[PDB]
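Report on one structure; see the data block that follows.
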Amino acid sequence: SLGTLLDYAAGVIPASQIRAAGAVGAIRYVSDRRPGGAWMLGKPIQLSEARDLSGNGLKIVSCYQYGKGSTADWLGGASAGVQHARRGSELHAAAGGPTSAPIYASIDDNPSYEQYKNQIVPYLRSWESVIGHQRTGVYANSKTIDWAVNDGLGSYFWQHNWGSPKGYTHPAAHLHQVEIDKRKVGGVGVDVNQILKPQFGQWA
Numbered sequence: 037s038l039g040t041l042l043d044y045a046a047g048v049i050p051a052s053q054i055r056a057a058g059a060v061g062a063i064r065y066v067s068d069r070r071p072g073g074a075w076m077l078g079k080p081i082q083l084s085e086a087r088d089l090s091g092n093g094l095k096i097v098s099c100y101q102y103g104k105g106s107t108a109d110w111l112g113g114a115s116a117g118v119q120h121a122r123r124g125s126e127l128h129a130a131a132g133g134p135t136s137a138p139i140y141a142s143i144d145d146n147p148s149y150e151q152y153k154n155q156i157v158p159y160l161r162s163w164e165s166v167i168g169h170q171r172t173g174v175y176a177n178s179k180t181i182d183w184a185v186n187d188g189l190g191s192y193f194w195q196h197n198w199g200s201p202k203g204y205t206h207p208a209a210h211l212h213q214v215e216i217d218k219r220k221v222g223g224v225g226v227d228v229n230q231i232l233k234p235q236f237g238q239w240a
């Protein structure tokens, strides 16, 4: 690793506490709170929080996840992709996120090849059609990252371990989620991510 990035949905953490926890920045949501998700005070990142993080010399990265499970964003394929990508782009810009920075679209699942080809490919192609190939990031397991890389879908890859081989890091991944909810920072549960490549989608 080149440093740690934290991700969290339950609340907003003062940048001084992210820095005190040993992280060099955070991966933050450019998404709304779904029904049943009003507790996700960490969604979406606001301009004031982005200014706090950057102010303390911390890195910022954008990710998108609205639904989950039975309401996973990618289920609706192309039509779902344009609706979610537009909103993510709008929220990223509202928090002062530059258009030179990507947004990591979430595949918070362990899909089959059938789900990938029939639903995730049109979903991710819609993200590319809205914000561009160069701005399309993908949060997925290493199997899904490999399928996307092999298809030339997406430019940034953030590996999760649900459906990835034990102890494996995909050689194309920019970021790797290595720990889920095993830490609390400023009263908020956080996930830990390792930076693998020097250009990983940081705003600055």
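Be aware that the sequence shown starts at 37, since it is given in the entry's author numbering, and climbs by one per residue.
C-beta atoms are modelled at their ideal positions from N, C-alpha and C, and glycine is treated no differently.
Of the listed residues 48, 47, 74 and 39, nearest to residue 60 (C-alpha basis):
39
Strand pairing of residue 65, partner residues [DSSP]
99
How about residue 81 and residue 221: are their beta carbons less than 9 Å apart?
no
Taking 9 Å as the threshold (C-beta atoms), are residue 140 and residue 100 in contact?
yes
For residue 146, which option in 111, 239 and 240 has the closest C-alpha, if you only look at C-alpha atoms?
111
Touch test, the segment 214 to 234 against the segment 160 to 175, Cβ-Cβ under 8 Å, three pairs minimum:
no
For the alpha helix (DSSP H) that contains residue 84, what are its first and last residues?
83 to 91
Counting only the same chain and skipping the five closest in sequence on each side, list residues whose C-beta sits under 7 Å from that of residue 95.
41, 60, 61 and 238
Output yes or no for whether 9 Å exceeds the beta carbon distance between residue 98 and residue 71.
no
Status (buried if at least 16 other CB within 10 Å, exposed otherwise) for residue 194
buried
Range covered by the beta strand (DSSP E) that runs through residue 173
172 to 177
Could you say which of 83, 225 and 74 lies nearest to residue 134 if we only look at CA atoms?
83
Please tell me whether residue 131 and residue 69 are closer than 9 Å, where the distance is taken between their beta carbons.
no
Do residue 192 and residue 142 count as a contact pair if the criterion is CB distance below 9 Å?
no
Short of 7 Å in beta carbon distance, which residues of its chain neighbour residue 85, apart from the five on each side in sequence? Order them along the chain.
48
Under a Cβ-count criterion, where at least 16 other Cβ atoms within 10 Å of its own Cβ denotes burial, should residue 180 be classed as buried or exposed?
buried
Proximal residues to residue 152 (C-beta, below 7 Å), its chain only, five neighbours per side dropped:
180 and 183
N-terminal and C-terminal residue of the beta strand (DSSP E) that residue 228 is part of:
224 to 231
Considering Cα atoms alone, identify which of 226, 148 and 208 is closest to residue 235.
208
Are the beta-carbon atoms of residue 124 and residue 66 separated by less than 9 Å?
yes
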